[PDB]
Amino acid sequence: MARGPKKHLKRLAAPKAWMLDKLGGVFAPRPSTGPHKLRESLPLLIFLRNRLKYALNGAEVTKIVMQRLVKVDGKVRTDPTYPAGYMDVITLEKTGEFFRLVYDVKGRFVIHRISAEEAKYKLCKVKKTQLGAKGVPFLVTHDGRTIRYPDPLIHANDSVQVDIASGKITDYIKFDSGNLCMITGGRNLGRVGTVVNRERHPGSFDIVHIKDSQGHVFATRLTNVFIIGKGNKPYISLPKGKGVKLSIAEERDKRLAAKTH
Amino acid sequence: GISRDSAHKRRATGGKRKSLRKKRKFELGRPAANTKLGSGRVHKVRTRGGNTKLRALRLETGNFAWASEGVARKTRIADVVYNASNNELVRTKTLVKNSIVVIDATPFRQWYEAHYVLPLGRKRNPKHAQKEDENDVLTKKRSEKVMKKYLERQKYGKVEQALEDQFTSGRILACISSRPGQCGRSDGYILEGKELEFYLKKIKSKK
Amino acid sequence: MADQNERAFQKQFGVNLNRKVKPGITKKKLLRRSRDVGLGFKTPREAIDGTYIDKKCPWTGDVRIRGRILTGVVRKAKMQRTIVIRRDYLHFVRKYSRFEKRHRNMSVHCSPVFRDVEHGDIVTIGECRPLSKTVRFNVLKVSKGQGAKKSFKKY
RNA sequence: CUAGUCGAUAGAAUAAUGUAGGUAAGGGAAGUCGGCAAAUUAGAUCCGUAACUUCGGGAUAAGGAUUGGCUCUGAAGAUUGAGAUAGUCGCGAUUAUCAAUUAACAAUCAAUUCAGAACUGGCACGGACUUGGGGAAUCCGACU
RNA sequence: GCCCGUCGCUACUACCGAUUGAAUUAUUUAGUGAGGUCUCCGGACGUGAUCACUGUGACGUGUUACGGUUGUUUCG
RNA sequence: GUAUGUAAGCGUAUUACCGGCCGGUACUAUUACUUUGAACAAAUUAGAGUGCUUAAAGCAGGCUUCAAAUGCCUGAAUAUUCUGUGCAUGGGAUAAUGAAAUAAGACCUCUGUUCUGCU
RNA sequence: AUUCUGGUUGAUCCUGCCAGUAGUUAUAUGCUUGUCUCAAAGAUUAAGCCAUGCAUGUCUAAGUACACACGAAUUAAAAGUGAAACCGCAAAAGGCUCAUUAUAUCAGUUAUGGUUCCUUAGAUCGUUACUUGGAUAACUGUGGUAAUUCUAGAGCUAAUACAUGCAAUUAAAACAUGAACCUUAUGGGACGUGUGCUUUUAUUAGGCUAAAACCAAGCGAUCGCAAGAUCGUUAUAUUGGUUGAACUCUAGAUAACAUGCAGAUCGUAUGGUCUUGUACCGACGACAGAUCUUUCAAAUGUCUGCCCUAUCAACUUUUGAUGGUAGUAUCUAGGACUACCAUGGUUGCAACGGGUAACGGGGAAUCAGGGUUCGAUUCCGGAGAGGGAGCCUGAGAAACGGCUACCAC
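In the PDB header, cryo-EM is given as the technique by which the entry was determined, and 4.9 Å as its resolution.

Next up, the structure:
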């Protein structure tokens, strides 16, 4: 802590996966130290004003969150600049919104609705498995949620499924090369499955060799993986077409096929 | 004041990197304890905010551990005989970290007679032949398990003869282990095995 | 090398002669908990049964090796528990797409288990905590150390 | 101290001037032929050293700091090195190999010069004595 | 036919220069110290206990409840 | 008929094992170089889309809807200056380095005629 | 547009330039100048000086209200407003600057196992006045001063301010030891205490191939009348981690150590409970704190990569130069720095020395590439508020729209 602590963030320095504009304004929202990181989060002012487009300006947000409409993950979170990172359930019951955050094929975010049962549970990664906290055992997740006294076979670097309205774990899956995965924050980010290989670097930062369903190989470091199911067996409702990362000409194929002219 | 940074100290081949951002608040260090052995005083000061580090000045006593069991007993520090590096800390008798200090030999005698029924050390007979109240609390025969437990106990009273000479004189050496300048205590343990027989050559032969 | 020659006493901190009362008899053949780096590097056998103290030793001190790992050659070894090594690399210019022979020099610390390292032996290097004003590395393994021509042979 | 001398005309008396030994508040060469009598400097350790040089100097350059008494640790040596081990006689007496030792080992005696540090005093410090002012130039003559 | 150089005119450049020169520069050897932090100490006033001052409430007048421009030894 | 630019067999660590030719596991002298990469802010440059009236812009907007608009989305991509060093992987040409000449030629190993034992 | 053009010479061709014409967010200036879409900025010399102005506080149902300013008074409700005034946090962000600085800042990749942390949250408080003390602003009133920018005495009065701590603040229990016991043993203590949380070392186990022969208990069991020797299976040589390991971490134990701590807080909205016992109960918190995780962080390292000179060729230890080791401080590495010790780090692979009209950088302008120039200046990062230097408070400045000195004006 020295002459800071950098309580602003201007235009053009926010991560451009926010789909942030350029003109007029000269600032980013700059979220406040919430349950996720800086470049990984996606707050309410970004989503509701500019892409959900139900709040017109920033002062329009100051009513709805203070009139207690949006609650995320069961808590109301009345601060407008709550960071609201990945794999979190936007529990907006009016008019039955039920949103989550899954990264795009193009790495951005998407307006996508989930069900109310899909709002009851959620999937969450862990970073370490800790012994020493209350009383003897502990477990730390990815999103600032804590687990004391878990089942002793779930080790670190796994992804478990919890009910947010409870404090229990409902499901866990293994770290195996037959599992469905999600890349979070890499160059090849936003592809679903379908890993077959990993190579443990002897000190350090092992990258993983993840392929797709069409045989295209890709990779990233270990901090990006989000294991999202078994062999072609997800645990969520998915966004649009399956992280396939086609060519620009194939991207131009949807520019000509699904258009009226 | 003087900072603890590299504001001094020309870089690795001789030349003088001159100034570059004159001074910072956090990068400084304060005048040290220089704690003479005295009558147990203490002082409070701000640190890096939130933390309350406690320093020591004019200190008297402390608690000190044992080697083969980890038996920590509080007693009055008598004096000092030796510091590790600065003889100009020896002569002024200043309390530092792991220096050679003589302490008491008193409370370890009475504490141990449950396990060490033979009292250490061997006190002089014809003036202390009366017991106030030693001989009853040594064995007492107990008609029960605890004296019987002390039969398979007191098989570990095969301690070093040098401290047995030192216990019967009543002035044992020990090694203050903790930091006087971070917590304001004088916490340590008795040197027993190999540095005990070492440092007397550093003391008695140089006496 | 040492017969504990110091004006104080030197001992590896964290162990004590506990003599009679003990959970079982854990002799361990010496009262010296020699750790290991476990990064593929084998431990030297002399480190476990060593008499040397060396608080800054990576095997036997309060050190865990961090950072990266590299190799190279050594030139000078006069200074105590510390040798002077040398690394080589190239540089890529713009005007010519050509290269050069420049180099850096990092001074490094040695445990005495790699006793008698000379010019110009070949020594791999790994990083650790700062020791004193320059030393952030520690010697890993006398890997080759063989000059088959001028340095590494008797006469 | 050891040896030896009071031998230089005397008891008295506080005038000048002189005879020699001095200090004098300011400024400090104006004084006078002229910085000449006279004052500062003076020992030792620690640096720090300018132009010109025949490269031996100039060199003590200049320009400085430091310096008691009292209470202590740190260092520079010599002689026996120390001397296991097994038993004998009766612990006494008696008989032997030598690595580590051992850096001011273990006994013992030892000169004197250093190298620091606490504390304290006319706040004077080599306290009197011993004892140098310095600097650019000229013109000589080389020098002792 | 070009064309070489002192020399004198006239202008201009720049360098050497006695003048131990002249300003200015950013450091820096040591010579006194502002002002603070730390600290040896100091310890105004202002208290709580307390010997104790006295009333009434109390006790057996004193003590205290309640209090005093209360004074004093006590101890912080 | 022919061609050879294709893979296997065949002049041999085309590695040891369990599996159905085919998965998992025992398990390798280096560099420089290059291979695909990984990680790694934009913004700007290049720029894919795009009739802001055009441009320079900018990321807007497009839309039987014509008589109701519920009217789905496209978006805001993609790489170079996001040079470099170093951190994976492919590859074995080039470029050196690298054994076995006071003696290691080996023993795949029942293996000791060592001893360190180790639970 | 990978482009030339004129001039030597009587006339020739040549190297060699010079001149020309190109753009140039690159500033100035000259002339002209209808409409518009947009729009650089007292950087450059001079980080020079400065009249006035203004760039900073903030209140919710809910921390404290005794405001006639009053809403209200048969809701003494005071919930309105709360101006005040104590408090709560913030005032270290931004914005302005290029003057210092040269393998430094930075660029990048990169450690924190070598540290801390305001706050969101996430688990996260059964260990004798009880819901106590005293004391102050505002508010009056006496004022003062040569002074608009300061400020005394007196009368008052509160807390989510301060001081102190119980009715569950409660121990049973669990549980170590001494202890009602008594007995031969993966047998046995009734009870006194001890039982929170951190501080502190010390000790202990800290990440574990397989069979017996054999023997101390002689355990289930075996020989045996039994003692007690034999053997023998299962739970039992049962703590975590990157899982690259003394991560001395919050864990587990032993042993003591000092110093606090352990919500006496609060309103929305009241209720179940009427025994109306104001006993027992609703969600709450904008609430406070401790434990840990997390987030934004910051401050030193790690590698590679910086501009010009041989009229700088050797440098650094005065009083740290490079390492040893103990220790000090410091939030922590550490010659950071004291002391003791060694006699070293560095260099013709341009080291140390000076010099720059030199803040780095993302980046900017021109063509066929390779570029050479620069980039003060909206983005990022590092720095300064006249010259310099200490430092309070706080989590966080060595702060300057905080203070202090001196110095300048």
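**Student:** Outline the overall build of chain B, listing residues and values.
**Tutor:** A count of helices and strands for chain B gives seven helices and eight strands. Compactness check: chain B gives a C-alpha radius of gyration of 23 Å against a globular reference of 17 Å for 207 residues, more than 25% above the reference. For the C-alpha atoms alone, the extent of chain B along its principal axes is close to 80 × 45 × 30 Å. By residue count, 31% of the 207 residues in chain B fall in the buried class. Relative to all contacts within chain B whose residues are 6 or more apart in sequence, the contacts with residues 24 or more apart total 54%. With an accessible surface of roughly 14300 Å², chain B has 51% of that area assigned to carbon and sulfur atoms. Distance between charge centroids for chain B: 14 Å, based on 51 positive and 21 negative side chains.

**Student:** Give a description of the packing of aromatic side chains that names residues and reports values.
**Tutor:** Note on aromatic pairs: each is described by the distance of the centres and the angle between the planes. Under the defined criterion, the tally for this structure stands at 13 aromatic pairs over all chains. For the ring pair A:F47 and A:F109, a centre distance of 5.6 Å and an interplane angle of 70° mean the geometry is edge-to-face. Taken together, the residues A:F47 in helix α1 (residues 44–51) and A:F109 in the loop between β2 (90–91) and α3 (116–120) connect sequence positions 62 residues apart. Side by side, A:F47 and A:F109 carry an identical accessibility label, which is buried. Here C:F92 and C:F99 contribute two aromatic rings whose centre-to-centre distance is 6.1 Å and whose plane-to-plane angle is 25°, an arrangement assigned as stacked. Judged by relative accessible area, C:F99 falls into the exposed class, the value being 56%. Aromatic ring contacts, followed pair by pair, group B:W66, B:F108, B:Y112 and B:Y116 into a single cluster. Directly above the ring of B:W111 sits B:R73, whose terminal nitrogen or CZ lies 3.6 Å from the centroid. The ring of C:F41 carries the charged tip of C:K141 above its face, separated from the ring centre by 5.0 Å.

**Student:** Provide a residue-level description of the protein's contact with RNA strand D, including the pertinent values.
**Tutor:** Every residue close to RNA strand D is listed here: B:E88, B:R91, B:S205, B:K206 and C:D3. When the atoms of RNA strand D within 4 Å of the protein are grouped by moiety, sugar and phosphate amount to 79% of the total. B:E88 has a polar side-chain atom sitting 3.0 Å from a sugar or linking oxygen of RNA strand D. The separation between a base nitrogen of RNA strand D and a polar side-chain atom of B:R91 is 3.2 Å. Classifying every residue of the surface near RNA strand D by side-chain character gives no nonpolar, one polar and four charged.

**Student:** Describe the pairing of strand β12 (residues 225–230) of chain A, and please don't skip the residues or the numbers.
**Tutor:** All names here are of chain A. Extensive coverage of β12 is indicated by the burial of five of its six residues. Two strands pair when backbone bridges link them, and strand β8 (residues 180–183) and β12 are joined in this way by four bridges, in the antiparallel orientation. For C181, the partnering residue across the bridge sits in β12 and is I227. Sheet analysis places β12 next to strand β13 (residues 233–234), joined by two bridges and oriented antiparallel. Bridge assignment links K230 to a residue of β13, and that residue is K233. The hairpin turn running from β12 into β13, its antiparallel successor, is two residues long, and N232 in that turn takes a positive phi close to 40°.

**Student:** Any chance you could break down the interface of chain B and chain C for me, citing the residues and the numbers?
**Tutor:** The interface of chain B with chain C comprises 20 residues on the first partner and 12 residues on the second. For the chain B and chain C pair, buried surface summed over both sides reaches about 1300 Å², with 52% attributable to carbon and sulfur atoms. The three residues of chain B that bury the most area against chain C are B:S68, B:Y156 and B:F198, which together make up 32% of that side's buried surface. At the junction of chain B and chain C, the tally comes to two salt bridges. Across the salt bridge formed by B:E192 and C:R19, the nearest N and O atoms sit 2.4 Å from each other. Inspection of the chain B/chain C interface yields six residue pairs in polar contact. If one sorts the elements of the side of chain B that touches chain C by residue count, helix α7 (residues 195–199) of chain B sits on top with three residues. Of the residues contributing to the side of chain B that touches chain C, the split by class is eight nonpolar, four polar and eight charged.

**Student:** Mind laying out the UniProt feature "domain: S4 RNA-binding" in chain A, listing which residues take part and the relevant values?
**Tutor:** Per the UniProt record, the feature "domain: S4 RNA-binding" sits at residues 42–104 of chain A. The annotated region residues 42–104 of chain A carries 24% helix and 6% strand content, and the separation between its end C-alpha atoms amounts to 13 Å.

Thresholds, definitions, all that
- Along every chain, residues receive numbers from 1 upward following the written sequence, which is not necessarily the numbering found in the entry; those without coordinates are excluded from display.
- Chain letters start at A and ligand numbers start at 1, both assigned in the order the entries are written.
- What is shown is a subset of a larger assembly, and the numbers refer only to that subset.
- The side-chain figures draw on all heavy atoms in the structure; neither hydrogens nor water molecules are used.
- A run of H or I in DSSP counts as a helix once it spans at least four residues, and a run of E counts as a strand once it spans at least two, with each numbered from the N terminus.
- In this treatment the radius of gyration is a C-alpha quantity, and the globule benchmark scales as 2.2 Å times the residue count to the 0.38 power.
- The buried label applies to any residue whose accessible area, calculated with a 1.4 Å probe on protein chains only, is under 20% of its type's maximum; exposed applies above 50%, and partly exposed to all values in between.
- The contact definition used throughout considers only heavy atoms, calling two residues in contact when any of these lie within 4.5 Å.
- Computed by Shrake-Rupley with a 1.4 Å probe, the accessible areas treat only the displayed protein chains as cover when residues are assessed.
- In this tally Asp and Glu are treated as negative and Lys and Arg as positive; neither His nor the chain ends contributes.
- A single reference atom marks each charge: NZ on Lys, CZ on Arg, CG on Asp, CD on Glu.
- The criterion for an aromatic pair is that two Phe, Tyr or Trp rings (for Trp, the six-membered ring) have centres within 6.5 Å, with stacked assigned to planes under 30 degrees apart, edge-to-face to planes over 60 apart and tilted to the rest.
- Only when the NZ of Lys or the CZ of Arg is both within 6 Å of the ring centre and within 35 degrees of the ring normal is a charge said to sit over the ring.
- We call a residue near a molecule or strand whenever a single non-hydrogen atom of that residue lies within 4 Å of it.
- For this analysis, a polar contact is any N or O atom pair within 3.5 Å, provided that within protein one partner can donate a hydrogen and the other can accept it, and provided that sequence-adjacent residues contribute only side-chain to side-chain pairs.
- Charged means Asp, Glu, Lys or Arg here, nonpolar means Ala, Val, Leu, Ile, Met, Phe, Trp, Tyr, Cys or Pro, and polar covers whatever is left, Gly included.
- Two strands qualify as a pair provided DSSP detects at least 2 bridges between them.
- Two parts placed together each lose some accessible area under a 1.4 Å probe, and the buried area is that loss summed for both.
- In the sections that follow, a salt bridge refers to a side-chain nitrogen of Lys or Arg positioned within 4 Å of a carboxyl oxygen of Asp or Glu.
- UniProt positions are given in the numbering used here, feature names are shortened, and annotations may be inferred rather than shown by experiment.

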